[PDB]
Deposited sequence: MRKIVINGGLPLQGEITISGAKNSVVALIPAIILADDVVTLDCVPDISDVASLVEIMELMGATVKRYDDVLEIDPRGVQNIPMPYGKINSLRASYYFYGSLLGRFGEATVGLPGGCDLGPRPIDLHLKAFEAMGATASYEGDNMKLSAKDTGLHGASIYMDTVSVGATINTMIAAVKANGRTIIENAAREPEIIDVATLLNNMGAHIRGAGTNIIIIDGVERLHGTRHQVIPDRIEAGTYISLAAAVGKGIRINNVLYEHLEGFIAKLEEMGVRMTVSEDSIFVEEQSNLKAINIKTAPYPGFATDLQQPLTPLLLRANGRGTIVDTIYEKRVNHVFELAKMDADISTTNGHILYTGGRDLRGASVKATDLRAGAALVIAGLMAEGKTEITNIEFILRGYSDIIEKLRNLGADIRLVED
C-alpha cells in the first residue's frame, strides 16, 4: 500500500494550474447529445469519470477526439439505445443522461440495481412519466414531446436543477425553475447551452427561466475550474509558499472564501484568471461557518484549517452542512496542533509550530489538510490511505514537487 512522505519547513515557489470542475464536466458531456453538430470542450480534467463518460458516449454512437485537455464530441451518430446498469453504476451523476435523452429522443431506458425522486418530480411536470418493468426504468415523454412548466424545487438540488434545465432547452414552451441551486456548475452548463443556441435566463439565481427551442447547433466551451481545488492550493500557497501564482482560477466563484482570507490579512494580487499569493505574515484568526453557495463551501473548511493554525489568535469552525466533518481534527492534533472538538464546533488556537507524524487520511478534503500541514510541520510526515487523494487532486505530487516541496510517493 502506497503512502505520502513529506519533509516540511521548505518555502514553496512557482506556478500551479487548477484542473477542470468534476461536477461541471459530468453534466456538459451528456448535454452535448442535444447538439446537431460537434461540440468542443476545453480545460477538461483527466479523471476516471471523464474516461467513463467517453466510453458511454462511444457505446451510444458518439465519436470522441481526446487530446491535451480537449474533448471533441460528435453527437450526430448517437442512437436511442438502453443504458446497461453495469456501465453506469460506476458513474457519479449518470442521471444527467436522463434529461439529455429526453430532450433528444423523448425517452430513455435505464437499468436499475432517494434523491432521484426530485428529478422525476420535475420531469413529471414536463409531461414525462416513468414506467417500471423488471430491472428497468423508462422515462417517457408525451407524443408531443416535453413541455414547459412552473417547477418549484422543494429541496435545493444541484443535480435536479441541471437535469431539469437540460431537458427544458429543447422542450415546448417556457420552463420556470424556482428555488434553484446557485452553484457555479449551474452557470457553466447554462453557458454551454446558451452558446449552442438555447434561451436560458437567471442562471446563478434562485429563478431560472428557459424558453424551449427546436434545434441546437454546435459550439466550443471552456470548462470552469474546480473552485474547491483552487481554494485548496490558495490555502496551501498562503501557508507555506513564498511566491506562488495559482493559474486557471475564477475569483468570482470563491467570493465567500476570498472574503475570509482578507479578514485574516492574506495578501494577494488578482489578474486575468489567475491569483498570485505573496509570502504571508501576521495572520489573524477568524471564525468559519459553512453555508450553501455563495456561502463558505463545506469542502473548504478542512483545507483552510492548517492556514488558520498559521494565524494568531483563536477561532471557531462550524459546519452547518455536515455537523460531523471533524475527522481531520484528531490527526492534526497528532502533529502538535492546538485543535479540538466539542459538540459540532471545531476549536483552534493557531500560532505554534507543527511537528511531523504518521497520520491517516480519513476523507478527501481532510487528507488535503494533512498535506498542507505536512508541508508546514518540521520533520517527516507520513500519510497513509491516500489513494482517493491522488484521484481528488490530479497530478498533485508532481504539482507540489514543481513548487519546491519535498513530497514523495512511496509504495510500501
Gaps in the model, given as deposited-sequence positions counted from residue 1: 114-120
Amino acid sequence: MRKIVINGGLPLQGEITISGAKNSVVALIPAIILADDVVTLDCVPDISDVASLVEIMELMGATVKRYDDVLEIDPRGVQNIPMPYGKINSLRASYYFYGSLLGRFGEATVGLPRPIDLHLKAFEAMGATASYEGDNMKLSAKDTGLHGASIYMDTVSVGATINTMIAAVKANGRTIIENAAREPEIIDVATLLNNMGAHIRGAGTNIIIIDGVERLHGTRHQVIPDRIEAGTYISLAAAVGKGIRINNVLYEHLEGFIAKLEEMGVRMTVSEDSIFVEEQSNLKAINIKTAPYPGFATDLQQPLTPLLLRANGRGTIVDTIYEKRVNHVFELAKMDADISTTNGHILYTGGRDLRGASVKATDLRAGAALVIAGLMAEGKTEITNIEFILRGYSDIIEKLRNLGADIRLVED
From here on, numbers count along this sequence of modelled residues.
Between the two ranges 22-30 and 48-56, the one averaging a larger CA B factor in the entry: 48-56
Mean C-alpha B-factor comparison - 313-321 and 223-231, higher one: 313-321
Selection by C-alpha B-factor (highest) of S274, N89, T290, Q280: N89
Out of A239, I207, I162, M153, highest CA B-factor residue: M153
Chain thirds of CA B-factor: placement of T269: middle
Ranked C-alpha temperature factor of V5 among modelled chain residues, by third: middle
Ranked C-alpha temperature factor of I346 among modelled chain residues, by third: highest
Third assignment of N248 from its chain's C-alpha B-factors: lowest
For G367, the third of its chain into which the C-alpha B factor falls: lowest
